[PDB]
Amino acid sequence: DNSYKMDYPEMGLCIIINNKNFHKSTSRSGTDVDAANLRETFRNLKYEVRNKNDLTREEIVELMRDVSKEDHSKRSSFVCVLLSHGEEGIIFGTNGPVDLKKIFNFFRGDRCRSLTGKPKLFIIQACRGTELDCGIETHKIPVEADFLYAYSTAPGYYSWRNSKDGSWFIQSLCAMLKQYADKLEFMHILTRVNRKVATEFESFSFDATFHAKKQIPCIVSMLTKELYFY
């Protein structure tokens, strides 16, 4: 009873929203690498992956609305990966911002019944503000329960991306998942993603202001059980 039931006929949906190009009301280079890395990773995890690209904020809201009205009865879990510009509490559609809460709420235990009591995972590769990390040298269940919000970055802070390799967080996320999804619990996997990102990445910039900076992702868990993909 300490781990989620993950042997439903279907693992669940993995929705990937990849916003690369924003209306001229900048281009997020290397995000396609991430979108590709995630598709492959969650394919191996036996998720039903749907990749979307370059969605307006209206499209994002309606995409998430429709997915939440689907019947998830045969599915163990739900995954949504958000790839875009962001601010604290905010993700950008191609033509502007939308409140993260507004997305999360379609899947509340009371509004998406076929996911009640099943893990709902939101993986957010976006800025949570404009701070840089300079580093240092070494009524029966709550409607908000059973969400996991894996943030690329601490609140208030930039999230780093590499134009060639993909974002730091997704790079590390996919790598740890590949190596450890058949061994470790999900929080313990996410904790190595924290260490990988914290220890192996350091920004290189011609602009002193953005040079030699660091990043620590942020695991936010409302889960009530342990999660194993295996």
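Just count from 1 along the sequence shown to find any residue number.
Unmodelled deposited residues between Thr138 and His139: 10 or more, per the record. Gap check for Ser25 to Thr26: 1 to 3 deposited residues are absent from the model. Higher mean CA B-factor, judged across 109-117 and 140-148 from the recorded values: 109-117.
Higher mean CA B-factor, judged across 187-195 and 161-169 from the recorded values: 161-169. Among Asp182, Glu200, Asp34, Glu40, the highest C-alpha B-factor in the deposited entry belongs to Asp182.
Ranked by Cα temperature factor within the chain, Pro9 sits in the highest third according to the deposited record. In the deposited entry, the Cα temperature factor of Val79 sits in the bottom third of values across the chain's modelled residues. Sort the modelled residues of the chain by CA B factor and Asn21 lands in the highest third. Residue-level temperature factors show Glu131 in the middle third of its chain, judged at the C-alpha atom. When the modelled residues of the chain are ordered by C-alpha B-factor, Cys174 sits in the lowest third.
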